[PDB]
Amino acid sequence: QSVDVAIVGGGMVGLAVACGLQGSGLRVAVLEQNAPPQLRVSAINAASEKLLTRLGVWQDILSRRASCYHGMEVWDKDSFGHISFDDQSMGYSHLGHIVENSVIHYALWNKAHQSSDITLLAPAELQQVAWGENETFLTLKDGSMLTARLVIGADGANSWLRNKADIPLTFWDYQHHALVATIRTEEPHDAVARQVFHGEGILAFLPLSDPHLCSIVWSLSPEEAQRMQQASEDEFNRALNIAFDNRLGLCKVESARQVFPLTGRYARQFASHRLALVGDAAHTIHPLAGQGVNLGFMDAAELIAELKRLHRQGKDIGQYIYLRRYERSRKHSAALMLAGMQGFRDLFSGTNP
């Protein structure tokens, strides 16, 4: 019925905000809108690893299933440039982890259930929102009502909330699709993340736990992605090996081949009156470890710090005059990503021993 914070969306990013607030005393509601290696994985960078540790779920993730990488090798299909480095050259214990998204989500979901100030509502789609001066009024599809000082949108692109607040995102078609799959290679990957640049973007081999398995991200024209998805495994395996310059010898696909579109989503606003948005902007694709849930987790970390400060101070956590501090940080950061000025830093990041 009455909460401080209502989080719309119960994905990794929304759960991370909810888990993050625990200890603050804020009453939080999250409203939802033995298995083999899942096909969707992320390259979890050093800043996300720090967040997950602060949240108390990183060790749960490492114990379930996680693949640590220690080296990086990047080159170009048509020209002579290369970047090659390892954790040791920079005083790191490791560069990052390759982790299944469902593993991360599960760890955060369990933690959320164990958090005394979090209420998870599982059938809880929104029907309406009224943006009152002093509080927000949320009506769920069952007609039940909920009041909040602050609404946090963590539901994908947040189209619905952004529409209600009249702060739309700008969508940008990146004209290429990404094919993903699990590939067994002849040579071991040696816990090195590898990527080759080419005319239709990138081809990355992300090392998994099995010394001879990688999960790939292969960007292609939408047409070529479709061809590669529908090809015989022999055609596919040969095309992949050539695209990867035979770097790990023969390749054998070992999973379904899935394709999804690549897009940018750019925000002129990350907040309004009693509204803050996380996880919905998307800028660069490369470096893979600087984006996806890593960007959303950075959104989450910064929102968490700001709300904890405001709440400490007895301030109204929903007022735009304070939320604009979070927004500014997010916009500055988005700009550095789009300007190409953030990629280098994320590429070379890692965790100290």
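Heads up: residue numbers just count along the shown sequence, starting at 1.
In this entry, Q38 and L39 are joined directly, with no residue of the deposited sequence lacking coordinates between them.
When 274 to 282 is weighed against 186 to 194, 186 to 194 comes out higher, by mean CA B-factor as recorded in the entry. Checked against the record, the higher mean CA B factor of 211 to 219 and 249 to 257 lies with 249 to 257. For the set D173, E200, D155, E235, the PDB entry puts the maximum C-alpha B factor at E235. The top Cα temperature factor in the record, among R65, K308, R325, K315, falls on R65. Among all modelled residues in this chain, the alpha-carbon of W131 has a temperature factor (C-alpha) in the highest third. In this PDB entry, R149 carries a Cα temperature factor that places it within the middle third of its chain's modelled residues. The deposited CA B-factor of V3 belongs to the highest third of values across its chain. Among all modelled residues in its chain, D299 ranks in the lowest third by Cα B-factor.
In this PDB entry, the Cα temperature factor of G25 sits in the middle third of its chain's modelled residues.
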